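Below is one structure, written out as structure tokens; the observations come after it.
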Amino acid sequence: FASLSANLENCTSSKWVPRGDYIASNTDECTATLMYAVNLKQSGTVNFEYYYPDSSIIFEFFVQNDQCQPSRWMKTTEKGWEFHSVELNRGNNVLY
Amino acid sequence: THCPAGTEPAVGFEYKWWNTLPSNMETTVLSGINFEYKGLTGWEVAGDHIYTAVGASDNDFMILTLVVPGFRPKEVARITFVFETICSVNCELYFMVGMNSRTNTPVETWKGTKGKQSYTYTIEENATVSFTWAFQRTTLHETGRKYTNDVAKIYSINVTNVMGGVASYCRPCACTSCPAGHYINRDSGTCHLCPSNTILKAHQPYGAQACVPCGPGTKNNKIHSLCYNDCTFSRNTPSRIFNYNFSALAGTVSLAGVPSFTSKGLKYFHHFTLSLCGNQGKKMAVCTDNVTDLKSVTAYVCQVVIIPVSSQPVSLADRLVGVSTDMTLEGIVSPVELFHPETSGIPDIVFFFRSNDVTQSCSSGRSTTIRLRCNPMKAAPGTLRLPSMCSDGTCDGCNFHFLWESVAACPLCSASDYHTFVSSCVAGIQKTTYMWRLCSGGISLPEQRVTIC
Amino acid sequence: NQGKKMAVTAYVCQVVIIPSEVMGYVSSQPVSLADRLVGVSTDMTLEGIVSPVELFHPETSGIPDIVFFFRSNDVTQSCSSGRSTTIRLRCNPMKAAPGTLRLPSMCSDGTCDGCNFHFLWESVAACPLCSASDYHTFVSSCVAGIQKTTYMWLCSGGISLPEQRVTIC
Amino acid sequence: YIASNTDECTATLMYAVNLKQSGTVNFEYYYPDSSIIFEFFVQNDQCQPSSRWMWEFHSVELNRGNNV
Ligand SMILES: *[C@@H]1O[C@H](CO)[C@@H](O[C@@H]2O[C@H](CO)[C@@H](O)[C@H](O)[C@H]2NC(C)=O)[C@H](O)[C@H]1NC(C)=O
Ligand SMILES: *[C@@H]1O[C@H](CO)[C@@H](O)[C@H](O)[C@H]1NC(C)=O
Ligand SMILES: *[C@@H]1O[C@H](CO)[C@@H](O)[C@H](O)[C@H]1NC(C)=O
Ligand SMILES: *[C@@H]1O[C@H](CO)[C@@H](O)[C@H](O)[C@H]1NC(C)=O
């Protein structure tokens, strides 16, 4: 995992922090990207549980594909943690 | 006791005691550590007041959710709470409102220890609304339930215009809805009309006490919901009568300040949509949440801050205060020290429109001040310039003020205003030419005429 | 600037620029438009060069419009006669700004002629310097022992507005 | 050879090759006129920029990632 954090236009100290059993997003105004570069040898999917408490902070989960070629926004979650899943191809997909 | 047939059938919720928990409200615990529904008993009734019970940890949220399906007939429902907090530190009351079963949004979030107070909320439109009061004893996480003193007391809950509820109090009525402009009155026995230039309030039905006359320089709307501005103000002066015109200012304008960087690199700038008058009292200047679509507030002046987008919309002009050239009107003044002295030098005009919403930061409520000026060199139909000292206009905290300059703002000059340059009868010739000496519009410039002497 | 054409060096510079943000960052096709001076006068024609006055709207003031001519030395296949630039000068009283240069509406690019590039400039200073007898006279005559002499004004600058004086009749 | 588009249109020639070892790319490019600009870069395994602009001879360095 690469926890790249950059100012959108210091927030370098603000990034996705491993809070505990769950990771936590930065509360302040900055772009904190959590990126994973995994080479899927077979067609597969990704299943992760995401908590969306408030609409103040937006959540984006797009897996850029093998050629770097790129519905990205995740809807709000109420009550439970909810469940998300997208399809992935055989290319070197890089989750963000 | 049975409500009299004269009074309208009104049903409301009032729980001054908690010997028996109302069926509408249910208790639930969300553990702070794992952010999952524990299914515990968050709040324990004490007969008189309801308080937060101790769960697995004090960081866990104590949720008490009350759900109403609809509202029985933009302040259709005014819910009022009496919250008393004996909490010590890290005391949050996440009062959330779900409009039409949407994601819960915290309208107000009190912080720290607070005494008993009354808070009112506005339901913009009829829908399913759930009031959830979330309490967190401590923001920091510590092992053990060492903090049970932090308990929030809510011993009074009042809900207005509820569907399928008990009739805790019945409001009066004459029972058909009187036409707009007629105050509902039960003792009179017939639909009685309010006096002219008066607006009636529906919150207090009986009598004309809620029917309040309009302010200076205003006209009543046919609906009597809010006063209307004629856009032409006429005041008396010893020299003559001054008739300031603002007809061209009815249309909305888009003026925003320079972007300002935050503590971080993010930048923002405030943009207000101002509708001075006209449109038969319709305040259609609304700010929506376009960024959310990837709500809207109706007011003459609309507040929205947009980043390089559409967020934080709050109404600024809901109730009309008054319209006159005097600085003060109903105890509301504008920061004239920020506005530069005008070049023309005529007495400046100021318009006042106060928003109904009251927040913690604005105890007196949101009152909006609009300063009107006239400048001869402003050949454009309108040049709205923001105050230089307060670029955002929020330096006062509750008074948002802009500066408008246009040629039409000058008073309508009378007949004797134009300078006279009539020539006298010498050598058998005389010339009579008239031209203006601050005048606006009026009769055209009279032409010269020749006559023998 | 003592004849210095620092705006290629020419009084009028031609450059078409694409948006820089669309490209991802712009300055291309530079050609001089004003290398040789043709003439300066209010007449439409000067040394066989005229401006498309039909494109320019009639001015509000109504005074005879001024036109400046500066021809570029470069000669191309498309422009056999060479590049000649025409600049139309106008004066408008309501133009309180120091200068408002407005492009011709009919020819937005200004290259419809093929060799004549024309813009329209409007400013208060373009009006002629009015003489002494220009301001309107409104002197009052001697009746009842009182007379008033007040003078007031298309004029530009000049002597300040004279003040009124009182004298017995 | 392969020819670029003479139009004012963004046409990209992309190759996604997985280098099991660090290596280089050696290609010959012709630049007759400056009207059409040439851009050649390598994007590493985390889609990321690893200079950008350019019969002559050209060569750049590549990493062990899935260079594109
Ligand atoms: C919602 O409305 C539009 C939709 O994109 C955006 O604001 C306008 O964007 C257009 C496109 O450049 C501009 O020409 C307009 O000037 C913008 N409106 C204003 C008032 O400046 C934006 O996404 C959202 N804007 C608002 C005000 O909600
Ligand atoms: C800029 O960012 C660096 C990186 O964390 C930080 O150490 C520094 O304090 C920042 N500068 C500020 C906050 O002025
Ligand atoms: C809520 O307060 C209003 C304020 O006048 C009152 O009229 C109403 O009766 C109250 N609600 C109940 C259920 O009593
Ligand atoms: C309010 O909306 C609810 C549905 O959300 C509906 O059942 C109810 O009838 C509405 N109240 C009216 C129309 O007065």
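Labeling convention for the structure tokens: chains A, B, ... as they appear, residues from 1 per chain, ligands from 1 in order of appearance.
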Got a sec to pull out which chain B residues are within 12 Å of chain C, counting only C-alpha atoms, and send them as a list in words? residues 376, 377, 378, 379, 380, 419, 420, 421, 422, 423, 424, 425, 426, 427, 428, 429, 430, 431, 432, 433, 434 and 435 of chain B
Hey, which residues come within 6 Å of ligand 2 if we count only C-alpha atoms and all ligand atoms? Could you give them as a short mmCIF file (atom, residue, chain, number, x, y, z; two decimals) with C-alpha atoms, in the first residue's frame?
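New file selection06.cif:
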data_model
loop_
_atom_site.label_atom_id
_atom_site.label_comp_id
_atom_site.auth_asym_id
_atom_site.auth_seq_id
_atom_site.Cartn_x
_atom_site.Cartn_y
_atom_site.Cartn_z
CA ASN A 10 0.71 21.58 4.84
CA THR A 12 1.41 16.13 4.15
CA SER A 13 0.96 15.16 7.81
#
message = Considering only strand (DSSP E) as DSSP defines it on the backbone, what residues of range 4-157 of chain C qualify? List them as a count of residues only.
response = 46
As a PyMOL selection string, please: the residues near residue 107 in chain C (cut-off 10 Å, only C-alpha atoms, same-chain neighbours under 3 positions excluded). chain C and resi 55-56+103-104+110-113+117-119
Limited to N, CA and C atoms, could you put the picked residues into a file as a JSON list (two decimals), in the first residue's frame?
[["chain", "number", "residue", "atom", "x", "y", "z"],
["C", 55, "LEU", "N", -18.11, 47.82, -42.04],
["C", 55, "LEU", "CA", -18.17, 46.90, -40.91],
["C", 55, "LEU", "C", -18.29, 47.66, -39.59],
["C", 56, "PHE", "N", -17.61, 48.79, -39.47],
["C", 56, "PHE", "CA", -17.67, 49.59, -38.25],
["C", 56, "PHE", "C", -19.01, 50.31, -38.17],
["C", 103, "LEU", "N", -13.46, 44.82, -31.31],
["C", 103, "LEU", "CA", -13.25, 44.15, -32.59],
["C", 103, "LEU", "C", -14.48, 44.30, -33.48],
["C", 104, "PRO", "N", -14.29, 44.35, -34.80],
["C", 104, "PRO", "CA", -15.45, 44.42, -35.70],
["C", 104, "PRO", "C", -16.33, 43.19, -35.56],
["C", 110, "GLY", "N", -10.98, 39.48, -38.15],
["C", 110, "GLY", "CA", -10.35, 40.61, -38.79],
["C", 110, "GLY", "C", -9.55, 40.28, -40.03],
["C", 111, "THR", "N", -9.62, 39.04, -40.50],
["C", 111, "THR", "CA", -8.87, 38.60, -41.67],
["C", 111, "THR", "C", -9.77, 38.33, -42.87],
["C", 112, "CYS", "N", -11.02, 38.82, -42.83],
["C", 112, "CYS", "CA", -11.94, 38.59, -43.94],
["C", 112, "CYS", "C", -11.46, 39.27, -45.22],
["C", 113, "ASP", "N", -10.78, 40.42, -45.10],
["C", 113, "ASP", "CA", -10.24, 41.08, -46.28],
["C", 113, "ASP", "C", -9.10, 40.29, -46.90],
["C", 117, "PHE", "N", -6.17, 44.09, -41.85],
["C", 117, "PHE", "CA", -6.60, 43.75, -40.50],
["C", 117, "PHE", "C", -7.03, 45.04, -39.81],
["C", 118, "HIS", "N", -8.26, 45.06, -39.30],
["C", 118, "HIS", "CA", -8.87, 46.29, -38.81],
["C", 118, "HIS", "C", -9.52, 46.08, -37.46],
["C", 119, "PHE", "N", -9.17, 46.94, -36.50],
["C", 119, "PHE", "CA", -9.84, 47.03, -35.21],
["C", 119, "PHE", "C", -10.48, 48.40, -35.05]]
Any residue with an atom at most 8 Å from ligand 3 counts, using only C-alpha atoms and all ligand atoms. Which are they? Put them as a list in words.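 Those within range of ligand 3 are residues 11, 12, 13, 14, 78, 79, 80, 158, 159, 160, 167, 168, 169, 170, 171, 203 and 204 of chain B.
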Just C-alpha atoms for this one: save the residues we selected as a PDB file, in the first residue's frame.
ATOM      1  CA  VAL B  11     -52.546  16.486  17.085  1.00  0.00           C
ATOM      2  CA  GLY B  12     -49.146  17.026  18.673  1.00  0.00           C
ATOM      3  CA  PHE B  13     -46.438  15.141  20.535  1.00  0.00           C
ATOM      4  CA  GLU B  14     -45.522  16.185  24.080  1.00  0.00           C
ATOM      5  CA  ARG B  78     -41.375  23.297  14.577  1.00  0.00           C
ATOM      6  CA  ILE B  79     -39.902  20.644  16.871  1.00  0.00           C
ATOM      7  CA  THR B  80     -38.620  21.975  20.204  1.00  0.00           C
ATOM      8  CA  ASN B 158     -42.681  19.054  21.400  1.00  0.00           C
ATOM      9  CA  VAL B 159     -43.633  18.153  17.819  1.00  0.00           C
ATOM     10  CA  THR B 160     -46.018  20.241  15.709  1.00  0.00           C
ATOM     11  CA  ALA B 167     -54.066  15.348  20.218  1.00  0.00           C
ATOM     12  CA  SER B 168     -52.016  16.812  23.052  1.00  0.00           C
ATOM     13  CA  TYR B 169     -53.268  20.337  22.270  1.00  0.00           C
ATOM     14  CA  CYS B 170     -55.917  21.607  19.846  1.00  0.00           C
ATOM     15  CA  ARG B 171     -55.451  24.942  18.069  1.00  0.00           C
ATOM     16  CA  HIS B 203     -48.322  30.086  13.657  1.00  0.00           C
ATOM     17  CA  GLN B 204     -50.821  31.878  15.916  1.00  0.00           C
TER      18      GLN B 204
END
**Prompt:** From the list B:92, B:293, B:348, B:396, which residue is nearest chain A when using only C-alpha atoms?
**Reply:**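 Closest to chain A of all the choices is B:293.
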Neighbours of ligand 1 at 7 Å or closer, counting only C-alpha atoms and all ligand atoms: which residues, as a PDB file with N, CA and C atoms, in the first residue's frame?
ATOM      1  N   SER B 254     -24.756  38.335 -10.045  1.00  0.00           N
ATOM      2  CA  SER B 254     -23.769  37.359  -9.592  1.00  0.00           C
ATOM      3  C   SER B 254     -22.455  38.076  -9.312  1.00  0.00           C
ATOM      4  N   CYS B 287     -30.041  28.838  -3.660  1.00  0.00           N
ATOM      5  CA  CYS B 287     -28.754  28.178  -3.828  1.00  0.00           C
ATOM      6  C   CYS B 287     -28.944  26.688  -3.579  1.00  0.00           C
ATOM      7  N   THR B 288     -28.583  25.872  -4.564  1.00  0.00           N
ATOM      8  CA  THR B 288     -28.754  24.429  -4.502  1.00  0.00           C
ATOM      9  C   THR B 288     -27.404  23.744  -4.328  1.00  0.00           C
ATOM     10  N   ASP B 289     -27.458  22.441  -4.051  1.00  0.00           N
ATOM     11  CA  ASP B 289     -26.256  21.628  -3.872  1.00  0.00           C
ATOM     12  C   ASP B 289     -25.979  20.871  -5.168  1.00  0.00           C
ATOM     13  N   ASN B 290     -25.413  21.592  -6.139  1.00  0.00           N
ATOM     14  CA  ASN B 290     -25.048  20.968  -7.407  1.00  0.00           C
ATOM     15  C   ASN B 290     -23.900  19.979  -7.224  1.00  0.00           C
ATOM     16  N   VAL B 291     -22.965  20.268  -6.315  1.00  0.00           N
ATOM     17  CA  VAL B 291     -21.848  19.355  -6.082  1.00  0.00           C
ATOM     18  C   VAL B 291     -22.352  18.017  -5.552  1.00  0.00           C
ATOM     19  N   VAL B 309     -18.637  22.285  -5.559  1.00  0.00           N
ATOM     20  CA  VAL B 309     -18.625  23.718  -5.809  1.00  0.00           C
ATOM     21  C   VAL B 309     -19.774  24.437  -5.095  1.00  0.00           C
ATOM     22  N   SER B 310     -20.992  23.907  -5.184  1.00  0.00           N
ATOM     23  CA  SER B 310     -22.166  24.569  -4.615  1.00  0.00           C
ATOM     24  C   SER B 310     -22.466  23.953  -3.256  1.00  0.00           C
TER      25      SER B 310
END
Quick one: which residues from chain D are at most 7 Å off chain A, using only C-alpha atoms, as a PyMOL selection string?
chain D and resi 16+45-47+68
Include C-alpha atoms and write out the residues we just selected as a PDB file, in the first residue's frame.
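Writing done, so here's result18.pdb:
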ATOM      1  CA  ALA D  16       2.262  -2.053 -22.259  1.00  0.00           C
ATOM      2  CA  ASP D  45       3.687   0.078 -12.288  1.00  0.00           C
ATOM      3  CA  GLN D  46       1.767   2.397  -9.983  1.00  0.00           C
ATOM      4  CA  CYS D  47       0.306   4.420 -12.840  1.00  0.00           C
ATOM      5  CA  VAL D  68       3.900   1.411 -20.327  1.00  0.00           C
TER       6      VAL D  68
END
Could I get the residue neighbourhood of ligand 4 at 7 Å, counting only C-alpha atoms and all ligand atoms, as a compact mmCIF listing (two decimals) with C-alpha atoms, in the first residue's frame?
# COMPACT_ATOMS: atom_id res chain seq x y z
CA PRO B 69 -44.12 9.07 8.68
CA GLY B 70 -45.69 12.37 7.62
CA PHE B 71 -46.74 15.85 8.69
CA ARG B 72 -50.38 16.91 9.05
CA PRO B 73 -50.99 20.49 7.78
CA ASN B 100 -37.38 11.89 3.17
CA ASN B 126 -43.49 17.17 4.06
CA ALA B 127 -41.62 13.85 4.11
CA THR B 128 -40.58 11.07 6.48
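Residue nearest chain B within the list A:31, A:3, A:85, A:47: A:31 [criterion: smallest interatomic distance, only C-alpha atoms].
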Spatial neighbours of range 37-41 of chain D, 9 Å, only C-alpha atoms, chain gap at least 4 places, as a list in words: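 Final neighbour list, sorted by chain and number: residues 31, 33, 49, 50, 51, 52, 53, 54, 60 and 68 of chain D.
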Write a file of the just-selected residues containing N, CA, C and O atoms, as a PDB file, in the first residue's frame.
ATOM      1  N   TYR D  31      11.915  13.726 -37.025  1.00  0.00           N
ATOM      2  CA  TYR D  31      11.242  14.971 -36.658  1.00  0.00           C
ATOM      3  C   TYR D  31      11.455  15.981 -37.777  1.00  0.00           C
ATOM      4  O   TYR D  31      12.302  16.881 -37.663  1.00  0.00           O
ATOM      5  N   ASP D  33       9.446  18.470 -39.079  1.00  0.00           N
ATOM      6  CA  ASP D  33       8.991  19.827 -38.818  1.00  0.00           C
ATOM      7  C   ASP D  33       8.512  19.938 -37.378  1.00  0.00           C
ATOM      8  O   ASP D  33       8.109  18.952 -36.755  1.00  0.00           O
ATOM      9  N   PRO D  49       4.163   9.081 -13.341  1.00  0.00           N
ATOM     10  CA  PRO D  49       5.151   9.510 -14.299  1.00  0.00           C
ATOM     11  C   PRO D  49       6.439   9.094 -13.683  1.00  0.00           C
ATOM     12  O   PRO D  49       6.609   9.244 -12.467  1.00  0.00           O
ATOM     13  N   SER D  50       7.345   8.567 -14.488  1.00  0.00           N
ATOM     14  CA  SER D  50       8.671   8.233 -13.981  1.00  0.00           C
ATOM     15  C   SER D  50       9.349   9.453 -13.365  1.00  0.00           C
ATOM     16  O   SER D  50      10.562   9.465 -13.165  1.00  0.00           O
ATOM     17  N   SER D  51      12.890  15.878 -21.179  1.00  0.00           N
ATOM     18  CA  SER D  51      12.580  14.553 -20.654  1.00  0.00           C
ATOM     19  C   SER D  51      11.354  13.965 -21.344  1.00  0.00           C
ATOM     20  O   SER D  51      11.441  12.942 -22.019  1.00  0.00           O
ATOM     21  N   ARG D  52      10.207  14.619 -21.157  1.00  0.00           N
ATOM     22  CA  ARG D  52       8.975  14.138 -21.774  1.00  0.00           C
ATOM     23  C   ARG D  52       8.989  14.353 -23.283  1.00  0.00           C
ATOM     24  O   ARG D  52       8.508  13.506 -24.044  1.00  0.00           O
ATOM     25  N   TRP D  53       9.553  15.469 -23.736  1.00  0.00           N
ATOM     26  CA  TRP D  53       9.512  15.822 -25.144  1.00  0.00           C
ATOM     27  C   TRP D  53      10.812  15.436 -25.844  1.00  0.00           C
ATOM     28  O   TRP D  53      11.875  15.324 -25.227  1.00  0.00           O
ATOM     29  N   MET D  54      10.712  15.235 -27.154  1.00  0.00           N
ATOM     30  CA  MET D  54      11.873  14.891 -27.968  1.00  0.00           C
ATOM     31  C   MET D  54      12.186  16.001 -28.967  1.00  0.00           C
ATOM     32  O   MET D  54      11.729  15.966 -30.110  1.00  0.00           O
ATOM     33  N   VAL D  60      15.888   5.667 -23.545  1.00  0.00           N
ATOM     34  CA  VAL D  60      15.595   6.024 -22.162  1.00  0.00           C
ATOM     35  C   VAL D  60      15.746   4.775 -21.303  1.00  0.00           C
ATOM     36  O   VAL D  60      15.887   3.660 -21.806  1.00  0.00           O
ATOM     37  N   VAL D  68       4.770   1.166 -19.183  1.00  0.00           N
ATOM     38  CA  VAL D  68       3.900   1.411 -20.327  1.00  0.00           C
ATOM     39  C   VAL D  68       4.481   2.580 -21.110  1.00  0.00           C
ATOM     40  O   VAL D  68       4.435   3.728 -20.649  1.00  0.00           O
TER      41      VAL D  68
END
